[PDB]
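Here the structure comes first, spelled out in structure tokens, and everything after it is commentary.
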Amino acid sequence: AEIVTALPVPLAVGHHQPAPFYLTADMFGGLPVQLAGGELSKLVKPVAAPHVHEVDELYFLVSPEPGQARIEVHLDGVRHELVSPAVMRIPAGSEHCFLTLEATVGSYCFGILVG
Amino acid sequence: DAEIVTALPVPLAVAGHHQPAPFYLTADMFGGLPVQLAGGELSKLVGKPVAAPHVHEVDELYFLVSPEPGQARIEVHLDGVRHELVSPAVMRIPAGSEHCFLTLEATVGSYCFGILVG
Ligand SMILES: C[C@H](c1c[nH]c2ccccc12)[C@H](N)C(=O)O
Ligand SMILES: O=[P-]([O-])[O-]
Ligand SMILES: [Fe+3]
Ligand SMILES: [Fe+3]
């Protein structure tokens, strides 16, 4: 049985700290996605830095009950306010970041890099 | 301009599942995705399996996560063998393998996501 428990894996990605990855491209002989992120309640953090990926990134915002988490996604000079649950596509090459406005314990934003 | 999906989750029928499963990523989104992602918060599912044992023809990953490590625990049945996963954990279910999970323990904010890998 293939079980990975040494998680998250910190990987450096404009981002101050290594991002915490729960799926990496090399797991299980190869995955078509990578998945990073974490709980938002301790992330509610005055600044966020813009950055670009060479692949598409999907933001996946979720909370135990709908509406309990809220983020601002900055995408190429446009501010977008999203309420959980939400999924937003960041096209490869686009400068982007997000800020957590509100989040209950158990709210997550995952960044999913699509190969 | 920006592609945003908020009509979520998308209920989709999955083999063996009593009710439609809540999907947050589907294969047709954004012109095509190599994965589908379904699942949700486990705090009300302790003791209550969402599905009978079932088989997919694609690989499925269980992604178990909680705000603090250890706050969520599920039992995965994999071709008649029980495996206990403690958050955070990722488990690969090879295509063709009979499987299901039972929630053993979950705080508010514990999730199990099933990721179908094309
Ligand atoms: C991986 C980055 C991320 C998304 N959600 C997160 C939650 C906590 C810590 C990092 C993240 C992503 N590339 C971004 O654009 O921020
Ligand atoms: O019900 P989901 O974990 O596939
Ligand atoms: Fe990013
Ligand atoms: Fe399954």
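To be explicit about the labels: the chains of the structure tokens are called A, B, and onward in the order shown, and within each one the residues are counted from 1, while ligands get numbers from 1 in the order they are shown.
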Practice item. With a cut-off of 10 Å and counting only C-alpha atoms, select all residues of chain A in contact with chain B and give the selection as a ChimeraX atom specification. Key: /A:1-8,22-23,27-28,31-33,38-41,58-66,75-76,78,80,82-91,104-108,114-115
Per residue of chain A within 8 Å of ligand 3, note the shortest atom pair and the distance in Å to one decimal, counting only C-alpha atoms and all ligand atoms, and order the rows by chain and increasing residue number, as CSV.
residue,atom,partner,partner_atom_place_in_ligand_line,distance
A:51,CA,ligand 3,1 (Fe),6.3
A:52,CA,ligand 3,1 (Fe),6.4
A:53,CA,ligand 3,1 (Fe),6.5
A:57,CA,ligand 3,1 (Fe),6.2
A:90,CA,ligand 3,1 (Fe),7.8
A:96,CA,ligand 3,1 (Fe),6.4
A:97,CA,ligand 3,1 (Fe),6.0
A:111,CA,ligand 3,1 (Fe),6.5
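Among the candidate residues A:36, A:99, A:67, A:14, the one lying nearest to ligand 1 is A:36, with distances computed using only C-alpha atoms and all ligand atoms.
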Practice item. Enumerate residues in contact with ligand 2: an atom-to-atom distance of at most 7 Å, counting only C-alpha atoms and all ligand atoms. Format the result as a VMD selection string. Key: chain B and resid 21 38 to 39 50 62 112 to 114
Exercise for review: Write down as an MDAnalysis selection string the residues belonging to chain A that are assigned strand (DSSP E) by DSSP computed on the backbone.
Suggested key: chainID A and resid 2:4 9:11 19:23 33:39 56:62 69:75 78:83 86:90 96:103 108:114
Go ahead and save the picked residues with C-alpha atoms, as a PDB file, in the first residue's frame.
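Heads up, here's the output in out-v5.pdb:
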ATOM      1  CA  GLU A   2       1.326   3.437  -0.999  1.00  0.00           C
ATOM      2  CA  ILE A   3       0.861   5.882   1.865  1.00  0.00           C
ATOM      3  CA  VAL A   4       2.807   9.137   2.240  1.00  0.00           C
ATOM      4  CA  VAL A   9       6.908  18.902   2.084  1.00  0.00           C
ATOM      5  CA  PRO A  10       8.364  22.443   2.095  1.00  0.00           C
ATOM      6  CA  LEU A  11       9.359  23.521  -1.405  1.00  0.00           C
ATOM      7  CA  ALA A  19       5.239  26.507   0.321  1.00  0.00           C
ATOM      8  CA  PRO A  20       3.775  23.454   2.099  1.00  0.00           C
ATOM      9  CA  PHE A  21       3.097  20.759  -0.503  1.00  0.00           C
ATOM     10  CA  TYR A  22       0.791  17.795   0.025  1.00  0.00           C
ATOM     11  CA  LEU A  23       1.009  16.481  -3.538  1.00  0.00           C
ATOM     12  CA  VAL A  33      -0.684  18.065 -10.534  1.00  0.00           C
ATOM     13  CA  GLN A  34       1.024  19.508  -7.504  1.00  0.00           C
ATOM     14  CA  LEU A  35      -0.959  20.708  -4.511  1.00  0.00           C
ATOM     15  CA  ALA A  36       0.152  23.174  -1.850  1.00  0.00           C
ATOM     16  CA  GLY A  37      -1.578  25.252   0.736  1.00  0.00           C
ATOM     17  CA  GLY A  38      -2.862  25.182   4.233  1.00  0.00           C
ATOM     18  CA  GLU A  39      -5.213  26.418   6.858  1.00  0.00           C
ATOM     19  CA  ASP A  56      -1.650  27.029 -14.682  1.00  0.00           C
ATOM     20  CA  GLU A  57      -2.526  27.291 -10.998  1.00  0.00           C
ATOM     21  CA  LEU A  58      -5.998  26.728  -9.593  1.00  0.00           C
ATOM     22  CA  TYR A  59      -6.959  28.277  -6.275  1.00  0.00           C
ATOM     23  CA  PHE A  60      -9.349  26.035  -4.337  1.00  0.00           C
ATOM     24  CA  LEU A  61     -11.016  27.836  -1.415  1.00  0.00           C
ATOM     25  CA  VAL A  62     -13.069  25.746   1.033  1.00  0.00           C
ATOM     26  CA  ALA A  69     -13.685  31.925   4.276  1.00  0.00           C
ATOM     27  CA  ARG A  70     -13.014  34.961   2.084  1.00  0.00           C
ATOM     28  CA  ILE A  71      -9.919  35.892   0.075  1.00  0.00           C
ATOM     29  CA  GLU A  72      -8.812  38.646  -2.278  1.00  0.00           C
ATOM     30  CA  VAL A  73      -7.122  37.303  -5.404  1.00  0.00           C
ATOM     31  CA  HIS A  74      -4.955  39.856  -7.206  1.00  0.00           C
ATOM     32  CA  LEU A  75      -4.680  38.876 -10.870  1.00  0.00           C
ATOM     33  CA  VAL A  78      -7.517  43.237 -10.904  1.00  0.00           C
ATOM     34  CA  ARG A  79      -8.727  42.519  -7.363  1.00  0.00           C
ATOM     35  CA  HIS A  80     -11.225  39.628  -7.005  1.00  0.00           C
ATOM     36  CA  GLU A  81     -13.096  38.853  -3.767  1.00  0.00           C
ATOM     37  CA  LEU A  82     -14.028  35.169  -3.458  1.00  0.00           C
ATOM     38  CA  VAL A  83     -16.153  33.424  -0.826  1.00  0.00           C
ATOM     39  CA  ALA A  86     -14.592  28.768  -4.925  1.00  0.00           C
ATOM     40  CA  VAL A  87     -12.163  27.657  -7.598  1.00  0.00           C
ATOM     41  CA  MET A  88     -10.232  30.167  -9.702  1.00  0.00           C
ATOM     42  CA  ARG A  89      -7.863  29.502 -12.597  1.00  0.00           C
ATOM     43  CA  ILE A  90      -4.611  31.484 -12.760  1.00  0.00           C
ATOM     44  CA  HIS A  96      -1.006  36.789  -9.015  1.00  0.00           C
ATOM     45  CA  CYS A  97      -1.327  36.312  -5.258  1.00  0.00           C
ATOM     46  CA  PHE A  98      -4.046  36.115  -2.656  1.00  0.00           C
ATOM     47  CA  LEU A  99      -4.804  37.649   0.725  1.00  0.00           C
ATOM     48  CA  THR A 100      -7.003  36.050   3.379  1.00  0.00           C
ATOM     49  CA  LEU A 101      -9.713  38.444   4.564  1.00  0.00           C
ATOM     50  CA  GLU A 102     -11.686  36.140   6.837  1.00  0.00           C
ATOM     51  CA  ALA A 103     -11.393  32.464   7.745  1.00  0.00           C
ATOM     52  CA  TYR A 108      -8.188  26.099   3.392  1.00  0.00           C
ATOM     53  CA  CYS A 109      -6.875  27.622   0.240  1.00  0.00           C
ATOM     54  CA  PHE A 110      -5.011  25.121  -1.924  1.00  0.00           C
ATOM     55  CA  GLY A 111      -2.940  26.107  -4.938  1.00  0.00           C
ATOM     56  CA  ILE A 112      -3.087  23.332  -7.528  1.00  0.00           C
ATOM     57  CA  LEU A 113      -0.448  23.448 -10.249  1.00  0.00           C
ATOM     58  CA  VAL A 114      -1.810  21.767 -13.375  1.00  0.00           C
TER      59      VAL A 114
END
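Counting only C-alpha atoms and all ligand atoms, the residue from B:82, B:77, B:54, B:48 that sits nearest to ligand 4 is B:54.
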